[PDB]
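Protein chains in written order, with full-length UniProt numbering: chain A, 2 to 130; chain B, 1 to 25; chain C, 3 to 223; chain D, 1 to 82; chain E, 59 to 278; chain F, 2 to 72; chain G, 2 to 103; chain H, 2 to 135.
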Amino acid sequence: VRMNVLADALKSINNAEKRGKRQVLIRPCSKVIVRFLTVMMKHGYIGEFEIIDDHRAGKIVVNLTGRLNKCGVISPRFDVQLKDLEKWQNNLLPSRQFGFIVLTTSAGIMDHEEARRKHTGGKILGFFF
Amino acid sequence: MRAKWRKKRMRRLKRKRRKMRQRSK
Amino acid sequence: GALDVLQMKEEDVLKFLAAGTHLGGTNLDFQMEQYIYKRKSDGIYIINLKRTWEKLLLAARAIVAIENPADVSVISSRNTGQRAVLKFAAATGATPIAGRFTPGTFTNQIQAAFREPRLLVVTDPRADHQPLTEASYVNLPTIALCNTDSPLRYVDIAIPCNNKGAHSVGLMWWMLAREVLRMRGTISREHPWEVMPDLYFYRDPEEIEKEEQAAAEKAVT
Amino acid sequence: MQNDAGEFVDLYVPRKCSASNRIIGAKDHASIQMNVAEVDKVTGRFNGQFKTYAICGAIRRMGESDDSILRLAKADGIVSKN
Amino acid sequence: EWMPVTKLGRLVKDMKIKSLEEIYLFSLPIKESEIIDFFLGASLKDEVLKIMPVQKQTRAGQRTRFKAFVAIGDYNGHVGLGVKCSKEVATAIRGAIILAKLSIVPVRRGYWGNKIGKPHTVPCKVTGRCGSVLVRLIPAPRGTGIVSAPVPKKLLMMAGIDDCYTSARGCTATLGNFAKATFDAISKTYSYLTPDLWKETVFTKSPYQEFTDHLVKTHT
Amino acid sequence: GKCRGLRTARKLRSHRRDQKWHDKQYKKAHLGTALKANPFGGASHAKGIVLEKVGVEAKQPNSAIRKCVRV
Amino acid sequence: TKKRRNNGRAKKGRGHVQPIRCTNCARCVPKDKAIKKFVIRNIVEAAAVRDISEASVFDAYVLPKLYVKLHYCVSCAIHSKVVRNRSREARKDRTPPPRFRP
Amino acid sequence: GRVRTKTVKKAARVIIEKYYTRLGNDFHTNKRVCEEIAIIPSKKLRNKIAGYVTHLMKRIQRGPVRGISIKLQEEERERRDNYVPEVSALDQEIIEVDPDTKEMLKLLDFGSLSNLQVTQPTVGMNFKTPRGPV
RNA sequence: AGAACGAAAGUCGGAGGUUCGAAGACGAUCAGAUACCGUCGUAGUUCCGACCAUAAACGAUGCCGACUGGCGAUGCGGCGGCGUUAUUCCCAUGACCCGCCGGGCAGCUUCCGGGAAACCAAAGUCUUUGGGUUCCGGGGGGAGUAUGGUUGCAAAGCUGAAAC
RNA sequence: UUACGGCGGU
Ligand SMILES: [Mg+2]
Ligand SMILES: [Zn+2]
Numbered sequence: 002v003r004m005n006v007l008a009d010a011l012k013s014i015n016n017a018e019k020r021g022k023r024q025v026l027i028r029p030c031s032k033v034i035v036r037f038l039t040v041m042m043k044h045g046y047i048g049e050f051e052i053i054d055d056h057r058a059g060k061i062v063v064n065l066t067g068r069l070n071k072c073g074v075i076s077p078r079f080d081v082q083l084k085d086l087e088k089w090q091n092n093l094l095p096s097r098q099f100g101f102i103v104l105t106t107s108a109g110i111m112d113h114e115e116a117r118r119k120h121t122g123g124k125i126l127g128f129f130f
Numbered sequence: 001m002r003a004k005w006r007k008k009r010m011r012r013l014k015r016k017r018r019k020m021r022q023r024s025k
Numbered sequence: 003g004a005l006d007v008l009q010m011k012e013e014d015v016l017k018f019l020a021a022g023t024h025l026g027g028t029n030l031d032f033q034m035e036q037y038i039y040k041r042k043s044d045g046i047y048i049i050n051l052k053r054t055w056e057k058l059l060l061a062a063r064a065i066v067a068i069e070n071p072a073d074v075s076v077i078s079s080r081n082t083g084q085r086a087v088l089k090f091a092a093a094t095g096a097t098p099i100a101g102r103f104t105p106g107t108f109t110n111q112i113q114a115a116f117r118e119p120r121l122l123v124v125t126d127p128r129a130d131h132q133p134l135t136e137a138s139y140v141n142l143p144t145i146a147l148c149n150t151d152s153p154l155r156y157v158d159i160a161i162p163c164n165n166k167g168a169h170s171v172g173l174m175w176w177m178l179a180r181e182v183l184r185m186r187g188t189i190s191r192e193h194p195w196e197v198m199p200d201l202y203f204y205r206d207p208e209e210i211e212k213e214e215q216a217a218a219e220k221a222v223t
Numbered sequence: 001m002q003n004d005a006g007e008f009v010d011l012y013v014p015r016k017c018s019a020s021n022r023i024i025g026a027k028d029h030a031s032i033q034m035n036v037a038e039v040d041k042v043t044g045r046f047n048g049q050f051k052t053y054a055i056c057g058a059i060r061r062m063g064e065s066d067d068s069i070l071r072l073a074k075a076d077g078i079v080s081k082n
Numbered sequence: 059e060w061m062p063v064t065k066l067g068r069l070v071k072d073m074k075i076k077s078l079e080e081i082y083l084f085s086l087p088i089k090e091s092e093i094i095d096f097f098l099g100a101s102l103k104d105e106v107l108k109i110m111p112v113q114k115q116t117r118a119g120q121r122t123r124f125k126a127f128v129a130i131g132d133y134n135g136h137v138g139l140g141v142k143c144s145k146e147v148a149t150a151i152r153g154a155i156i157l158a159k160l161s162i163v164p165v166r167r168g169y170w171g172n173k174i175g176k177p178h179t180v181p182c183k184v185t186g187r188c189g190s191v192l193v194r195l196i197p198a199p200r201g202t203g204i205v206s207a208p209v210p211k212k213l214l215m216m217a218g219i220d221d222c223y224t225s226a227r228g229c230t231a232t233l234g235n236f237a238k239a240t241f242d243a244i245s246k247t248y249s250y251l252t253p254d255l256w257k258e259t260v261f262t263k264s265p266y267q268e269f270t271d272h273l274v275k276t277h278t
Numbered sequence: 002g003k004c005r006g007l008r009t010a011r012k013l014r015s016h017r018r019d020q021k022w023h024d025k026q027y028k029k030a031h032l033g034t035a036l037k038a039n040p041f042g043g044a045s046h047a048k049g050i051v052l053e054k055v056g057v058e059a060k061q062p063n064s065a066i067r068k069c070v071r072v
Numbered sequence: 002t003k004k005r006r007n008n009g010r011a012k013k014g015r016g017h018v019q020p021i022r023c024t025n026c027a028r029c030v031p032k033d034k035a036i037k038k039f040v041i042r043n044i045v046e047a048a049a050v051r052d053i054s055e056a057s058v059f060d061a062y063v064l065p066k067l068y069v070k071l072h073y074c075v076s077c078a079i080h081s082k083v084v085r086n087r088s089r090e091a092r093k094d095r096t097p098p099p100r101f102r103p
Numbered sequence: 002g003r004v005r006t007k008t009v010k011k012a013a014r015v016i017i018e019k020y021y022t023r024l025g026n027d028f029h030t031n032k033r034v035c036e037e038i039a040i041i042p043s044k045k046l047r048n049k050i051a052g053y054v055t056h057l058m059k060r061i062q063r064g065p066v067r068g069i070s071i072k073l074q075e076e077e078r079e080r081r082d083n084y085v086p087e088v089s090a091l092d093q094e095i096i097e098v099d100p101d102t103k104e105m106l107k108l109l110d111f112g113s114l115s116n117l118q119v120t121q122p123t124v125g126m127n128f129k130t131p132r133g134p135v
């Protein structure tokens with residue numbers, strides 16, 4: 002009984018960083034999390050990761066480094082508009098130097114900055130800082 | 001006074017006033 | 003230890019075998035599976051000696067990093083390794099704390115016996131924990147010649163040899179005092195250091211005067 | 001710490017661990033900084049330089065300082081490499 | 059006319075370790091009260107927060123001890139919080155400053171965004187829990203000011219921080235725990251790995267291995 | 002645990018509208034029977050005639066006769 | 002406060018056990034609360050053996066035993082000293098007491 | 002009711018540790034020593050010190066009690082520093098090992114360098130002392 | 001919404017009646033004993049059938065799912081094995097011995113972490129706050145009572161206020 | 001074996 006695969010994948014990384022392990026095993030995989038973890042690899046909180054491509058939902062082995070603090074999720078995937086975006090940013094980010102709420106738009110998965118970069122808002126998906 | 005004997009002494013009461021209601025209909 | 007000068011040097015393996023040193027207990031920890039080769043049929047677990055030699059050369063690469071020779075506080079509680087812990091500090095120039103250790107010595111700076119080192123070597127982590135959890139406070143690197151028995155909480159360069167037997171401890175201080183002077187310029191690697199490993203071994207009780215002079219009626223008498 | 005002018009307006013640069021990468025605090029009294037003194041290749045004698053390692057207070061107390069400093073060293077020019 | 063006994067205090071009476079900034083980076087245990095008075099002397103203010111009469115019950119009559127809550131600080135971020143019991147009020151509140159200059163921590167002043175000048179606020183949002191009191195310090199926009207209860211307002215004007223939001227949860231009339239709870243937050247500005255501090259700390263030579271010469275050169 | 006999802010707000014707005022009854026202030030100001038209980042009935046002052054000066058003794062740690070009337 | 006890690010009784014995965022009754026005060030307890038004490042007392046009370054074994058009708062006679070299982074209630078276990086008020090950091094053991102036969 | 006107090010036992014340890022060679026196993030000798038060597042106020046605690054002195058003149062004349070005075074300490078070097086024997090209890094080249102540990106020094110590759118006759122240790126796996134108290 | 005099962009006591013009918021024993025009858029001890037103790041003893045403890053849904057029904061911990069220390073040990077299977085021991089003078093399974101793997105009641109340890117603390121490998125992953133979903137609680141008394149509903153042969157249960 | 005009580009505010 003797995004009512005979100007996103008929520009429990011990012012939970013397990015959050016369980017392992019505070020322990021401090023170099024590698025995790027995200028046990029189910031999808032194209033909703035490999036795009037997601039390539040927002041925290043392209044912006045450089047985690048590193049290399051293999052996808053163990055199996056014929057069912059595969060596995061992902063993520064080389065942690067030690068820069069990630071907490072990478073939780075907002076499991077009601079709330080819609081949020083662009084004026085509605087700033088009032089999140091002082092609720093679940095620490096400060097406006099860093100940190101990223103990452104959200105799916107029709108132009109793709111983006112950060113909060115890349116979503117306010119062009120002019121698009123969509124469903125919020127999670128956060129990491 | 002115990003609580004299992006606060007109930008019984010008022011369960012003895014809630015049959016008594018549930019009789020004098022039936023007396024004066 | 004990746005050298006040709008710092009190899010295993012086959013002479014000592016005939017002493018590693020003959021004084022225990024691959025005779026642990028019968029209970030591996032979760033932080034010492036990497037220091038083992040296999041279990042015997044009688045429950046005993048041997049130790050791939052390339053692993054305990056590469057840690058021994060690494061620990062001497064931590065002792066030479068100390069500048070003061072009179073600063074490495076070498077300590078011992080258990081009886082096997084009380085004779086050795088003294089004259090190891092006479093062979094390297096350290097200060098020995100043999101036997102019972104007063105709590106409030108690394109961090110109680112009022113009384114007389116307050117000593118503050120930069121490094122400390124232990125015989126056993128579990129049974130001599132009192133300097134370890136006092137090394138919790140004075141942010142000090144610790145080394146311990148650990149057995150498969152012992153846990154590894156406050157150790158840093160845990161030596162996976164043996165600690166129970168009398169001969170297994172004294173070799174491992176003799177091997178260390180051989181090595182901690184040979185990474186200095188004391189012994190020049192080819193003229194072999196004659197100092198005998200029986201000097202460090204734990205001493206039997208008082209039949210000694212019976213037997214030392216029973217082989218000395220041809221010296222004095 | 002890199003203001004908009006670009007200059008260092010900050011107290012001090014804090015250390016970081018070599019194993020668990022988290023920041024060592026200013027009162028974390030179980031964080032050690034040890035030194036591993038290497039030798040020259042000809043004779044195995046101390047030459048004058050060394051190498052450095054820091055192990056923070058928690059990851060020492062968690063048990064695996066040595067499982068750290070074996071491996072960090074293992075890929076960093078200290079013993080066996082196989 | 060003061061003489062120490064430890065390594066760190068013996069190696070400061072002839073003025074050889076400068077500027078407390080680095081004994082914070084090597085994470086030393088600080089021992090005496092005179093090292094902290096050596097560097098930051100004539101740059102503290104020593105104002106107390108509460109004196110309460112704690113007491114026990116004995117064979118006859120109540121042993122009335124006393125309590126001193128005191129916070130010391132500069133105006134550029136070196137605060138310390140002491141707690142001490144003693145049998146009399148004054149010998150608690152005198153000896154508490156020795157215990158208050160000793161648990162002294164740095165604090166990192168950061169920015170809210172638009173980092174146009176000197177730092178003014180906390181680097182992020184941090185917590186401090188002490189039993190049941192949690193103090194969530196929040197970064198603040200400029201020109202806002204210290205917004206808190208009275209007893210952390212005496213410390214956030216003592217860490218030099220100009221403007222910082224502050225909320226509290228618990229029984230915040232538990233003055234000493236709510237005094238230590240805000241101290242648990244301001245002591246971990248250098249425990250929160252802000253993502254601009256990623257590059258490898260070049261390990262320099264520690265003061266216990268560079269000052270080995272005077273360790274025994276003149277003393278021993 | 003609590004009931005979150007982006008279609009649920011009936012569940013939250015129907016779980017709320019009974020659970021607001023159980024504190025004193027929302028029950029005494031909206032059920033209406035506590036608007037009948039005070040003799041003022043939506044007021045603060047209301048006149049009355051004096052019947053008899055009758056005195057009550059104060060509660061436990063004191064001892065004095067507090068003076069009252071019988072409006 | 003909770004006194005023990007168990008609830009005072011030696012059962013976990015059940016809901017009901019045998020009800021038995023105590024020895025001296027006959028009081029009903031569950032079988033896994035009560036303080037047992039098995040007794041293997043030498044029935045002749047061995048001080049009185051060199052006064053019967055002359056009067057035994059053999060030479061090498063196995064003197065019998067007596068197998069009485071006292072299992073007290075916990076109310077009369079403490080009052081007749083067969084257990085003792087223990088201390089809060091010497092509670093946590095299930096070691097049986099040492100013998101001292103001589 | 003005899004047991005001598007600590008200030009007797011503290012002051013009569015520094016006598017025996019510092020003036021051991023001037024003393025011996027006679028009471029009346031030691032009573033004049035402390036008469037001359039330590040400022041004692043009265044006679045009653047004077048000889049009561051000297052009672053513990055002769056009690057430890059018959060004690061440390063045999064055994065090493067907490068008596069870190071140099072004379073016995075100059076003799077322990079005959080025990081711990083001396084006995085450097087003629088042959089080691091390691092180097093007789095006649096040792097026995099197991100068939101697993103000869104694999105352990107076969108990847109260490111000293112098996113061609115070693116004489117090392119091998120005996121299999123016992124067989125049946127009778128270790129792990131029997132569980133359950135009786 | 002609604003359903004099934006639900007200790008003991010209770011009611012009702014018929015067998016039943018050994019032991020124990022509400023009530024009650026005495027005998028004691030008591031200032032006074034309608035109680036602790038003793039003999040007697042009804043209803044009941046027993047069965048078959050038809051009821052009531054209440055318990056400290058307690059793990060005082062809702063169900064499901066994942067992740068995150070170890071160590072010896074245990075039960076039901078399955079796997080691989082030195083051997084011993086069983087018709088067996090040989091096998092095939094049996095027993096003990098040494099391991100590992102899954103499920104399960106549990107345990108000892110641990111500055112993982114949490115907490116008001118007792119203490120929890122969950123009460124962990126929670127101000128660094130959102131895996132789903134169900135119920136329920138808002139100072140204490142009044143009170144699980146007054147009433148209305150509905151249920152039951154009855155006892156009462158379910159739903160359940162306010163003044164003060 | 002038996003063994004009851006202790007006015008109110010300080
Ligand atoms: Mg009751
Ligand atoms: Zn009983």
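Just so you know, even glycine gets a beta-carbon here, dropped at the ideal spot from N, CA and C.
Item: Own chain, CB closer than 8 Å to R11 of chain F, minus 5 neighbours either side, in chain order; Value: none
Item: CA-to-CA distance, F50 of chain D to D40 of chain D, given in whole angstroms; Value: 11 Å
Item: Minimum C-alpha distance to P20 of chain G - residue among G:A35, G:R100, G:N43 and G:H80; Value: G:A35
Item: Interface positions of the stretch 68 to 94 of chain A facing chain F (Cβ-Cβ less than 8 Å), listed along the chain; Value: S76, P77, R78, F79 and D80
Item: Heavy atom of ligand 1 within 8 Å of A30 of chain D beta-carbon; Value: no
Item: Neighbour flag for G33 of chain F against chain A, beta carbons, 9 Å; Value: no
Item: First through last residue of the alpha helix (DSSP H) which encompasses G67 of chain A; Value: Counting along the chain, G67 of chain A falls outside any alpha helix (DSSP H), and DSSP gives it neither H nor E.
Item: The stretch 80 to 97 of chain E contacting the stretch 92 to 100 of chain C, beta-carbon criterion three pairs below 8 Å; Value: no
Item: Three-state secondary structure assigned by DSSP to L46 of chain H; Value: helix
Item: Distance between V209 of chain E and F46 of chain D (C-alpha atoms, nearest Å); Value: 56 Å
Item: Local Cβ density within 10 Å of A47 of chain G, reported as buried at 16 or more and exposed below that; Value: exposed
Item: Contacts of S80 of chain D in chain C (Cβ-Cβ under 8 Å); Value: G3, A4, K52 and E56
Item: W5 of chain B classed as buried or exposed, judged by whether at least 16 other C-beta atoms fall within 10 angstroms; Value: exposed
Item: Under 9 Å between C-beta atoms of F128 of chain A and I102 of chain A; Value: yes
Item: CB contact flag (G22 of chain C, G167 of chain C, <9 Å); Value: yes
Item: Bridge partners - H169 of chain C, DSSP secondary structure assignment; Value: In the DSSP output, where bridge partners are listed per residue, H169 of chain C has none listed.
Item: contact_flag[the stretch 6 to 23 of chain D, the stretch 54 to 71 of chain A] where n(CB pairs < 8 Å) is 3 or more; Value: yes
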